[PDB]
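Structure first, then comments.
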Amino acid sequence: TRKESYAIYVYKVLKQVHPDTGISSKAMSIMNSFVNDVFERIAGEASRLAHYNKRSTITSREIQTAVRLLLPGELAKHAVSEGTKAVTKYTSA
Amino acid sequence: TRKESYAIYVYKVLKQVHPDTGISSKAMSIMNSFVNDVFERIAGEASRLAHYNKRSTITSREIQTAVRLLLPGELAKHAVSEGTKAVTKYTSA
Amino acid sequence: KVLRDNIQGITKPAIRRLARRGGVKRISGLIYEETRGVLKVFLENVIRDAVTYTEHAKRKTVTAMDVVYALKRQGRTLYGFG
Amino acid sequence: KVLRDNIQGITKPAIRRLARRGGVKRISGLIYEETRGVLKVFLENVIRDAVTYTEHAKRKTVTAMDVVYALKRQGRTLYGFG
Amino acid sequence: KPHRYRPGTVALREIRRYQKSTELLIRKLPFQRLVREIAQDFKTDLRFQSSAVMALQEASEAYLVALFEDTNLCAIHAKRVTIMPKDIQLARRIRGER
Amino acid sequence: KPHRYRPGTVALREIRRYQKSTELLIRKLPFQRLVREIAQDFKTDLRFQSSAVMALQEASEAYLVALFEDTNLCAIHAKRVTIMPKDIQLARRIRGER
Amino acid sequence: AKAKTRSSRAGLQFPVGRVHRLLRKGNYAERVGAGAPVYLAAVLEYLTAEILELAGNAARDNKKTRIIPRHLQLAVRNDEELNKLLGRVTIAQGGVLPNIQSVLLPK
DNA sequence: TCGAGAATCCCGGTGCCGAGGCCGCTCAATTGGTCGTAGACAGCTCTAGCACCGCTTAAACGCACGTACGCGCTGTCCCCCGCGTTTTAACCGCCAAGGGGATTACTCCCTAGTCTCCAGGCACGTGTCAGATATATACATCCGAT
DNA sequence: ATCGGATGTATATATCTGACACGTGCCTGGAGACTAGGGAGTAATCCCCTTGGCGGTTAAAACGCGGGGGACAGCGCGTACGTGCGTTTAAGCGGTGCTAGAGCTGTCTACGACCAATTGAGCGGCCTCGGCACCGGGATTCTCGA
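As structure tokens, this is what we get:
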């Protein structure tokens with residue numbers, strides 16, 4: 048039975064930030080669980096908001112708004128920038 | 048704009064329990080908001096557990112289990128019994 | 035029309051009224067402004083988050099359902115406003 | 035195999051170890067059993083709710099993801115278990 | 019000779035009648051001005067529902083009397099009838115507000 | 019002549035090393051037996067994952083050290099270095115656990 | 010029929026297709042914004058970067074190549090913003106950050 | 001401690017608008033087919049749990065004991081309660097402008113849904129060093145005599 | 001306030017290793033391409049809530065003003081709690097062995113999904129009137145000095 052994860056991705060970004068520093072499997076699964084939790088956080092929040100907007104579609108503006116709701120101050124700011132970057136990089140595709 | 052509520056059924060069940068009583072429309076709105084709160088609560092919890100069960104079908108077993116998760120002690124017990132009796136009545140015809 | 039210093043618009047009699055409602059007998063002065071701060075800090079969140087809703091609502095006026103969903107998201111939900 | 039009285043299986047040395055971890059210097063006796071009670075009460079919820087999950091899970095063994103979703107629903111979420 | 023009730027007594031009756039009463043204890047307009055002042059910080063010239071701001075003030079005052087309540091309780095554990103700012107701070111601390 | 023460190027000092031170092039250490043401070047088997055005892059109350063003969071019960075004990079001990087922590091804090095506000103049950107009770111009270 | 014994943018199209022790591030399928034199976038909205046998975050995954054990339062970075066900071070602060078969950082606890086307890094983000098969250102093998110109160114020290 | 005006095009409870013009476021009842025007026029609920037499919041269920045594994053039992057030992061319980069914080073009491077200061085007065089601006093009632101909120105009607109961009117193909121991910125092996133552990137050592141720090 | 005001794009702790013060292021980084025073959029979800037609908041976006045319209053101001057009131061806030069009341073500081077003692085050392089004890093390793101129950105696949109089927117036709121339960125809107133809110137006044141009861 049195939050069980051998906053992100054250890055590949057967390058290791059990728061680890062190297063991208065710290066090629067030297069290693070990783071433990073315990074903390075690895077911790078990271079995985081954590082990102083799952085925060086993704087469900089943002090998912091529920093954005094869905095709730097869109098339901099308030101009564102909009103059956105979920106777009107990036109919702110994501111920005113709801114992460115702003117989620118993140119303590121400057122993080123979000125920083126966050127949204129790269130996010131914008133992303134979609135720009137993807138809209139420029 | 049056609050807006051939907053439950054204050055009529057509030058008055059109904061009130062007369063069912065207290066025929067000689069009035070309510071503040073304020074209190075009716077409060078109670079209706081409470082109705083909405085408990086409804087979204089139970090619905091979200093049921094959807095989440097079904098997701099844990101990977102179920103795409105939310106049935107009365109989910110209902111009862113989620114109520115038990117939410118309501119405490121005799122509250123939950125009475126609610127379970129009541130829902131059981133009601134679904135039995137509906138299934139009887 | 036730039037506003038300011040309405041925080042001290044909160045009267046010490048108002049604060050002590052709220053305290054008596056909370057069942058408090060003796061109070062010090064150092065509390066009130068401190069109190070006020072907290073108050074500010076508290077509301078500091080919700081309005082922003084509220085207008086954040088209004089942000090996504092693409093509207094200029096702010097509604098109750100905003101703070102409803104905020105207090106909900108703030109785990110301090112309230113009833114009686116739809 | 036009917037179990038009992040494992041609550042006192044919690045050693046006072048264990049309790050004081052946890053307290054020292056919490057950064058506590060002087061402790062009274064009256065706490066420990068009291069402590070224990072709380073402990074019980076605390077877990078009193080989760081396991082039930084957990085097996086409640088297992089209830090709907092229609093299974094005889096109890097899993098971690100149960101308490102995961104419990105602590106989540108208990109607003110005390112934990113990481114490292116899927 | 020002029021009469022003056024002993025301390026707290028009048029405040030005690032005030033407590034009693036306030037637990038008796040249920041309406042707000044904050045003047046509307048000052049609270050509203052404060053809210054709009056806070057609003058212009060995040061964005062200027064934003065309008066509001068009277069219902070919305072009534073909700074704001076009610077929910078605030080609720081949180082506030084709860085804070086006053088449990089800080090009273092803490093001061094009981096502080097064995098004093100006078101309140102101390104540290105009581106409020108540590109209460110927020112236990113309230114996870116730090 | 020025999021030497022004995024002054025009170026707390028040894029316990030102080032214990033605090034220091036425990037904030038230094040991170041592993042559990044509860045014996046596994048007693049905790050597990052307690053959990054199964056609690057379980058049979060709601061339903062008898064239920065099995066468990068070692069991972070599951072490890073999670074139970076870790077999360078418990080976390081809640082417990084948090085309670086010990088803020089009760090320590092409250093006792094600071096109680097101006098004592100000894101702990102009192104009322105501190106824990108009222109802490110739960112502020113923790114909404116009452 | 011040249012292939013290029015949306016992650017590469019965003020030059021990032023988190024799987025836009027996988028997370029898109031996940032949110033689809035998550036039953037949150039009927040239709041979706043195609044760029045929303047990109048955006049959210051970028052946010053995840055960012056926050057994960059910060060937290061793992063602080064973790065590695067503690068790790069090599071302890072001469073530790075492979076990061077331990079204790080590093081994670083210390084990191085999440087040091088930063089104000091991340092701690093606020095994960096205040097009511099618990100971490101396995103977390104422990105408590107070093108903290109001794111003033112009066113605890115003998116005079 | 002029995003009165004004086006003061007804040008309060010209660011009683012009757014006044015006037016009101018929200019609570020409520022009813023009335024047009026739907027759209028959303030019902031009914032009934034119809035269909036693809038979620039899962040209900042059967043029926044296999046296998047493994048993780050569950051218990052068994054032995055061996056070692058770090059750990060736990062209790063003792064004695066110093067001791068030192070908790071606690072209890074006293075006196076002080078100051079300070080916040082209570083009341084009196086003076087000032088004010090919240091409120092309240094009314095008016096008015098417009099600017100946004102909500103609405104509807106088009107219009108179509110984007111996403112869901114389908115089908116194809118494969119390549120990144122995943123289970124699975126595989127050496128292999130980060131660090132766990134133990135040991136002796138050198139440094140820091142408490143505690144008591146001076 | 002210092003020094004000496006005890007003790008506890010940070011370090012280097014050695015090796016063991018088992019997690020762990022790494023690489024595979026194989027799988028299917030992701031990409032790529034194509035079709036439809038219709039949610040979303042835009043715009044013109046209406047409304048109408050809000051935001052603004054104006055004047056009169058006083059209850060409320062500001063401020064002052066003793067002053068008893070307790071916050072607090074200190075001071076005695078003592079009991080309860082750290083501690084180090086005893087003791088005994090289950091905790092942990094570990095390894096064994098059985099299987100109950102998770103956990104997987106393969107049906108087949110009842111079961112909403114969905115749509116279409118139908119409509120009456122319900123909702124916006126309109127009277128209406130009576131508990132209820134306010135008020136004034138009388139009687140009751142707490143409280144502070146005997």
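Protein chains in written order, with this note's numbering: chain W, 48 to 140; chain S, 48 to 140; chain Z, 35 to 116; chain A, 35 to 116; chain C, 19 to 116; chain G, 19 to 116; chain P, 10 to 116.
Virtual Cβ for every residue (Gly too), placed ideally from N, Cα, C.
Simplified DSSP state of residue i, which is helix, strand or coil
| i | result |
| --- | --- |
| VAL99 (chain C) | coil |
| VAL41 (chain P) | strand |
| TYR113 (chain Z) | coil |
| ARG65 (chain G) | strand |
| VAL96 (chain A) | strand |
| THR106 (chain S) | coil |
| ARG27 (chain P) | helix |
| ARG97 (chain P) | coil |
| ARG111 (chain C) | helix |
| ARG22 (chain C) | coil |
| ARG38 (chain A) | coil |
| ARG75 (chain P) | coil |
| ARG33 (chain P) | helix |
| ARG60 (chain A) | strand |
| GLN108 (chain Z) | coil |
Chain-order list of residues whose beta-carbon lies under 7 Å from that of residue i (same chain, five-residue window excluded)
| i | result |
| --- | --- |
| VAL71 (chain G) | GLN50 and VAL53 |
| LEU96 (chain W) | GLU109, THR112 and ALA113 |
| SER16 (chain P) | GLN22, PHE23, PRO24 and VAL25 |
Contact set between residue i and chain P, taken where Cβ atoms lie within less than 8 Å
| i | result |
| --- | --- |
| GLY114 (chain A) | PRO78, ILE100, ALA101 and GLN102 |
Element boundaries [alpha helix (DSSP H), containing residue i]
| i | result |
| --- | --- |
| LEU91 (chain P) | 89–94 |
| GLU51 (chain S) | Element bounds for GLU51 (chain S): n/a, residue is neither H nor E. |
| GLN58 (chain G) | 46–60 |
| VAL75 (chain Z) | 65–91 |
| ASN79 (chain S) | 72–99 |
| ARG55 (chain A) | 46–55 |
| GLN37 (chain C) | 27–38 |
| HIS125 (chain W) | 121–138 |
| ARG18 (chain P) | 15–18 |
Cross-chain neighbours of residue i in chain S, by beta carbon under 7 Å
| i | result |
| --- | --- |
| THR111 (chain Z) | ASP84 |
Partners in chain Z for residue i, counting only beta-carbon separations shorter than 7 Å
| i | result |
| --- | --- |
| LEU52 (chain C) | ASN40, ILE41 and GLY43 |
Chain S residues whose Cβ lies nearer than 8 Å to that of residue i
| i | result |
| --- | --- |
| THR86 (chain A) | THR112, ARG115 and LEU116 |
Listed by chain order, chain A residues near residue i by CB distance under 7 Å
| i | result |
| --- | --- |
| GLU32 (chain G) | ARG54 |
Interface residues of chain C facing residue i [CB-CB closer than 7 Å]
| i | result |
| --- | --- |
| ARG82 (chain Z) | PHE60 |
Per-residue contacts from residue i into chain P (C-beta, under 9 Å)
| i | result |
| --- | --- |
| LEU96 (chain W) | Those within 9 Å of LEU96 (chain W) in chain P number zero; the least Cβ separation is about 10 Å. |
Cβ shell of residue i (< 8 Å), same chain only, five flanking positions each side left out
| i | result |
| --- | --- |
| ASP105 (chain C) | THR89, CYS92, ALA93 and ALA96 |
| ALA126 (chain S) | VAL114 and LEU118 |
Contact list for residue i against chain A, beta-carbon separation under 9 Å
| i | result |
| --- | --- |
| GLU109 (chain S) | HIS90 |
| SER76 (chain W) | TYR113, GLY114, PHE115 and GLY116 |
Within chain Z, partners of residue i - CB distance below 9 Å
| i | result |
| --- | --- |
| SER80 (chain S) | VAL102, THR111, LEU112, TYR113, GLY114, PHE115 and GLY116 |
| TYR137 (chain W) | The contacting residues do not exist; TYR137 (chain W) stays about 21 Å from chain Z at best. |
| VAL99 (chain C) | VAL58, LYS59 and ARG60 |
Per-residue contacts from residue i into chain G (C-beta, under 7 Å)
| i | result |
| --- | --- |
| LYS46 (chain C) | None at all; the shortest Cβ gap to chain G is about 31 Å. |
Cβ-based neighbour list, residue i, same chain, cut-off 6 Å, excluding 5 preceding and 5 following
| i | result |
| --- | --- |
| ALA80 (chain C) | none |
| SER107 (chain S) | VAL134 |
| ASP100 (chain Z) | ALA84, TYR87 and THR88 |
Neighbouring residues, chain C, relative to residue i (Cβ below 9 Å)
| i | result |
| --- | --- |
| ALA109 (chain G) | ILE112 |
| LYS94 (chain Z) | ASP63, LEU64 and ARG65 |
Item to complete: Take every Cβ of the segment 84–96 of chain G, pair it with every Cβ of the segment 96–112 of chain A, and state whether three or more of those distances are shorter than 8 Å.
Response: No, the segment 84–96 of chain G is not in contact with the segment 96–112 of chain A.
Discussion item. Below 8 Å, how does it come out for the segment 87–105 of chain G and the segment 70–83 of chain A: are there three or more Cβ pairs, yes or no?
Written reply: No: fewer than three Cβ pairs fall under 8 Å.
Discussion item. Quick test of the definition: if touching needs 3 or more C-beta pairs under 8 Å, does the segment 21–31 of chain G touch the segment 88–102 of chain Z?
Written reply: Under the Cβ criterion (8 Å, minimum of three pairs), the segment 21–31 of chain G does not count as touching the segment 88–102 of chain Z.
Worksheet item: Quick check: the segment 99–114 of chain P against the segment 27–46 of chain G, are there 3 or more CB pairs under 8 Å?
Response: In short, these stretches touch, since the Cβ pair count reaches three.
Discussion item. Is it the case that the segment 133–140 of chain W contacts the segment 41–51 of chain P, given that we only count it when at least three CB pairs across the two stretches are under 8 Å?
Written reply: Taking a cut-off of 8 Å on C-beta distances, the segment 41–51 of chain P touches the segment 133–140 of chain W, as three or more cross pairs fall below it.
Discussion item. Below 8 Å, how does it come out for the segment 61–76 of chain P and the segment 54–69 of chain W: are there three or more Cβ pairs, yes or no?
Written reply: Yes, since at least three Cβ pairs between the segment 61–76 of chain P and the segment 54–69 of chain W fall closer than 8 Å, the two stretches touch.
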